[PDB]
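If you use PDB author numbering, the sequence shown corresponds to residues 621 to 754, 826 to 1745, 1754 to 1829, in order.
Backbone N, C-alpha and C fix where the C-beta goes; we use that ideal spot for every residue, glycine too.
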Amino acid sequence: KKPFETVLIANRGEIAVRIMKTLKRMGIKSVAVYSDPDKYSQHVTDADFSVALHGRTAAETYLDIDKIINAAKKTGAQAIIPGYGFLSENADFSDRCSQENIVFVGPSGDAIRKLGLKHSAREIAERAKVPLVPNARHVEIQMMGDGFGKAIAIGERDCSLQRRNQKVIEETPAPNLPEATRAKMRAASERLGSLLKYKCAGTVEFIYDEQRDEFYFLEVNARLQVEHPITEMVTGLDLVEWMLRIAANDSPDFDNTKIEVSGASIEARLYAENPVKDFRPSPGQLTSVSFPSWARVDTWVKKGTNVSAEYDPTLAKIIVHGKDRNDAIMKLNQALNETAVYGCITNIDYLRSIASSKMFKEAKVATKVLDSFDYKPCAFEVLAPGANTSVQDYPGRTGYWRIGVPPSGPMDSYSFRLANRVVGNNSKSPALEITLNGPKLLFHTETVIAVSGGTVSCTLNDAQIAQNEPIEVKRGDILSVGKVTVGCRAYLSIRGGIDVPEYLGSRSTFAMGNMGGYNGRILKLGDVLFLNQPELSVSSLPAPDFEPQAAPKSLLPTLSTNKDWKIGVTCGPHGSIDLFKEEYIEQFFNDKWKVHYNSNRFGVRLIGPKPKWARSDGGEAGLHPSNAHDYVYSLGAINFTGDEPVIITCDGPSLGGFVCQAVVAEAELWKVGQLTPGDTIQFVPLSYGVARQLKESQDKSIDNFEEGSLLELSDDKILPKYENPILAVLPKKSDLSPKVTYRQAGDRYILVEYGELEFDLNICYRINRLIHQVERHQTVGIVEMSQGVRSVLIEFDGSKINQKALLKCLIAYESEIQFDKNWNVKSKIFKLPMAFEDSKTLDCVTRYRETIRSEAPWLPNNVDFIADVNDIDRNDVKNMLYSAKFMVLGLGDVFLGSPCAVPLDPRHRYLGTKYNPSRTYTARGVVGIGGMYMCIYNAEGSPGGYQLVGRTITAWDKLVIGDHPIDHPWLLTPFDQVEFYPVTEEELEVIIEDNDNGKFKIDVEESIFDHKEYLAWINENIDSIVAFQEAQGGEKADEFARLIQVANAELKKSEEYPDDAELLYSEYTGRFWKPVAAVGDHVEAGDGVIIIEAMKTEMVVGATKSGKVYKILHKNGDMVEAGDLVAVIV
Ligand SMILES: *C(=O)CCCC[C@@H]1SC[C@@H]2NC(=O)N[C@@H]21
Ligand code: NA
């Protein structure tokens, strides 16, 4: 009673997965076959064995009989089961199996030929006494044949709900069909099947006139069918099992088989398609996949799956079994409601609407219905995207700064919340942030809208519309928001908010990390965003709280009028003379700063006076005197990346390697969200208390929404002079209890710094113990404590505990920390593949040479700099990377759990420096060395300042699908160990793809780091260690420190042409990178002409219409103002 020992599936997707469940249950070994895009699919995983066919297309792989038959040969499969599609109804193939001693689980090549031609099929039907055609339904009969003249009708299905002939919903039993006519569909089907000596499963389709009560032969499908599961629900038969048993001549005894149909059952087909744009296939990575577990769902997808446009966009078949038609229709609606699939556009909403219709319920179904079905998405549609339009929410992705997950959310949080409030949204509603110029949107449903923020002209069906007022939108309406004239950004709110899944607590988009928002990115031409109409929705979005209302005008923020701004900050952490000269601190607050073309949500870069440093270098943390033992920064901090500063904003870095001078006050950050290149700013010192006042005034303004409650910067709010950021110093007491320095670090945090400016492993354990002391006292008011190398940043809620109070608890819990030199900690050991100096790492330096700084003591090659400043061979550097034991000291250096690690061997600690200024771009998985520290850049496209050395795999698993035992996206924890092992660039790209699909087995072992054992290891090597240390710096390192400190050059300061040229202008201000085309090249419409760097992005300015490149205006290094002429095409 085992038909076959091993069976191959000549198929992919959902049918392959379903055939395999049966095979498994039957104890039959299964064999997968896959194309190249399918190498990661469920059916390949589920099988006992598998054979790569090589190639991409249907024809190259699944359809190539030769390959298939070789595949079954190679694995010793006694049988091939084909599914449907592909070689399923291909008779040469059925015949090849036969002529090869492989049993084709299907009918004979002859029967397939006899049924393939529209007219041979008609004769058989006639001879079989099947009524033929001498508002149409589609009723089909599922039949089984034993290949020896016996045939049995298993039931009928209605498949009327078809769109341009493609089935979407099927059901059984057929509704509104009398027994007289069902029993005679059955018997006709059995005659047809008998006459053929039909073998295995086939379907006889009929046309049915419901009114006339008549049916007519349409065709036989000589195979199993996609909708077969509804039949299985009502009979309890496993049709694949039957096929297998029949195909091996161990058929069920047909004359004695009693089939009972029990209840009613319905199936909906979930496709990766867009119903709003013509059912156009929608490829991409599924980001979250949830199905009702109580329905039967035949699928091949889960969180993680990459859905391609190649084969057929089926995702899942959702199958429900009810007591009767009405029970099943309700079940199906619940199932559809409970189906959450995100990452691709689906037809779920289209399905929901159909499953829900009065039509479907009254059973007024016909092969024609779906072709004139009124489908309206409760949603908008992007007719044009705008330069950078993102779904955001507020406060954003909070909870995870210690990991280096930024909050994201709106860059100007005040306007954002006004916009929300104006429409009466709960404050958690998501909205769109428009940057520089907005989208044009088509609304498919009705709602209220508002726009707030910068000055932008806004259109509804072409009539100007007011900002800060609730505008009523109709359906067919086109809202359009143009260029931002004053400020950078505006906010478009929609009553009820926008419907997008949360990631890590928030619907905010973090584009760098492909996280959150509308599928991890800015909006695109063609996107379709869903709203939350309470009557037409099943949504978890928070319902509005308030009736809409124009914002009182006294509550509007005062944007600058003339590209010039005063911006309030709290002094600290590092605006003190241990780091900067006195006069430089004065100049910092006295002079104006100009906003630099490289500014974006990661941070806003500034041009102004160059620093005078109090130290000659930064020692072990890097030579440049701004370099600091990596510590966690504050939102709003003004970070000195070498000799130039940048304001850390809501998509910004967290654990970082440079000093911060001051921090924009929480409530002042909105200003920074409205800066545009060329703006001037001046930082204005502000006391902790004043900073709280502004903030609280914004909350009251938003909460009550009442004239006069907004406070803003004014002279009597401003400190006379910058103050000292050092809040208190505890003196050093003993070896394990170092000095403690408490620095004010923003409106929201106190930075605690241990020791002298120096690394010491004990201090890392100590930070762990401080954190533990706060948990033990369960202190009220503390928001998040973030570990750095020798510091921890403590975020508080000023409405729960004030600055002074938190300082004193901290000073006090500090004396409660007790531990000895012999401590231990759980430590995970990661062994990670790394390519030395591969192409993507080197190209990162190249881009830095050609876009920012082309000469520097650490250029042209970073490894050579490490080698040279340390007096070793480059291969000595390579050797240490592959023998060092890197202990993670903190996360988010920089972004998504990017580690800051330090070799456990002191002889592995090399002098170095961090870039001056930092890069704007780094490749995912790049490994860096910053002074003596090591990092892995977990995110693609991140600013970075470490010396680049090679590349591993990201230690951030966004969807937690990797093959490892870690339960969240950040794979590392402080005190873990990373070791590198050598692979080739190409071997690394294999691993990278494999790991992105969860098919790479990360080498991780749980263990324990023991400081007692470690201190003993230092002893048996103390000699070598000391020799190494005494001989490290010198005059050579000092010349380097001198050279490293030279500020980069100031950017550059910024005739007749043929009569009907295309003149080409850059939209943005940026520095000219490189040309794309050569003068005299032919270009098409769209083709690139030149490249700019603007806003940390590689900006292609391209040809409008086709032509020849007549002139290209700039060379590498030129500044280009927005609206400047950049090329001419003739
Ligand atoms: C735009 O370039 C914003 C950059 C913010 C500062 C960058 S992030 C990585 C470097 N490390 C660091 O501590 N600051 C630099
Ligand atoms: Na605050």
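With 16 other Cβ atoms within 10 Å as the buried cut-off, status of residue i
i	result
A827	exposed
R1615	buried
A874	exposed
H1012	buried
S1609	buried
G995	buried
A1122	buried
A1722	exposed
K841	buried
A1181	buried
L1762	exposed
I1458	buried
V1443	buried
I1268	exposed
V1354	buried
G696	exposed
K949	exposed
Contact test: residue i Cβ vs ligand 1 heavy atom, cutoff 7 Å
i	result
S1518	no
residue 617	It is not possible to answer for residue 617, since the shown part of the chain is limited to 621 through 1829.
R1296	yes
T1261	no
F1201	no
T1611	yes
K1059	no
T1332	yes
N1289	yes
residue 1749	Residue numbering in the chain breaks between 1745 and 1754, and residue 1749 falls inside that break, so it has no position here.
Delimiting residues of the beta strand (DSSP E) encompassing residue i
i	result
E1797	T1796 to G1801
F1450	Run containing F1450: none; DSSP gives neither H nor E here.
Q1083	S1081 to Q1083
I701	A699 to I701
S979	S979 to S981
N1515	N1515 to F1527
Alpha helix (DSSP H) segment containing residue i, residue limits
i	result
residue 610	Residue 610 falls outside the range modelled here, since the chain spans only 621 to 1829, and no answer is possible.
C717	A711 to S718
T1664	Looking at the DSSP string, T1664 is not in any alpha helix (DSSP H), and its letter there is neither H nor E.
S1698	Counting along the chain, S1698 falls outside any alpha helix (DSSP H), though it belongs to the beta strand (DSSP E) covering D1694 to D1701.
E1053	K1049 to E1053
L1023	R1016 to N1028
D730	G729 to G736
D1255	From DSSP, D1255 is part of no alpha helix (DSSP H) but of the beta strand (DSSP E) over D1255 to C1262.
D1823	Unbroken run through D1823: none, as it is neither H nor E.
Residue i beta carbon near ligand 2 (any heavy atom closer than 7 Å)
i	result
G1489	yes
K1386	yes
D1438	yes
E1357	yes
residue 1845	Only positions 621 to 1829 of the chain appear in the structure, and residue 1845 is not among them; the question remains open.
Cβ-Cβ separation, residue j to residue i (assumed contact under 8 Å), whole Å
i	j	result
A1826	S1805	So it is not a contact: roughly 14 Å between Cβ atoms.
residue 1747	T1249	Residue 1747 cannot be located in this model; the chain continues from 1745 straight on to 1754.
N912	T926	Wrong, their Cβ atoms sit about 19 Å apart, outside the cutoff.
Open item on the list: Within 8 Å, do at least three Cβ pairs link the segment 1525-1541 to the segment 1698-1712?
Closed with: By the Cβ rule, the segment 1698-1712 does not count as touching the segment 1525-1541, because fewer than three pairs are nearer than 8 Å.
Task: Three CB pairs or more closer than 8 Å across the segment 1604-1619 and the segment 1690-1700 - done: In this structure the segment 1604-1619 does not touch the segment 1690-1700; the number of beta carbon pairs closer than 8 Å is below three.
Task: Given 8 Å, three or more beta-carbon pairs between the segment 969-989 and the segment 998-1014 - done: Short answer: they touch.
- [ ] Check whether the segment 1304-1311 touches the segment 1575-1583, taking contact to mean three or more Cβ pairs, one atom from each stretch, closer than 8 Å.
- [x] No contact exists between the segment 1304-1311 and the segment 1575-1583.
- [ ] Would you check if the segment 696-705 and the segment 878-890 touch, i.e. whether three or more CB-CB distances between them fall below 8 Å?
- [x] No contact exists between the segment 878-890 and the segment 696-705.
Open item on the list: Within 8 Å, do at least three Cβ pairs link the segment 1161-1171 to the segment 1112-1132?
Closed with: Cβ pair count under 8 Å is three or more, so yes.
- [ ] Examine the Cβ distances between the segment 1653-1663 and the segment 964-976 and report whether three or more of them are shorter than 8 Å.
- [x] Of all C-beta pairs linking the segment 1653-1663 to the segment 964-976, fewer than three are shorter than 8 Å, placing the two stretches out of contact.
Open item on the list: Counting beta carbon pairs with one atom in the segment 1024-1043 and one in the segment 1155-1169, are three or more of them shorter than 8 Å?
Closed with: Under the Cβ criterion (8 Å, minimum of three pairs), the segment 1155-1169 does not count as touching the segment 1024-1043.
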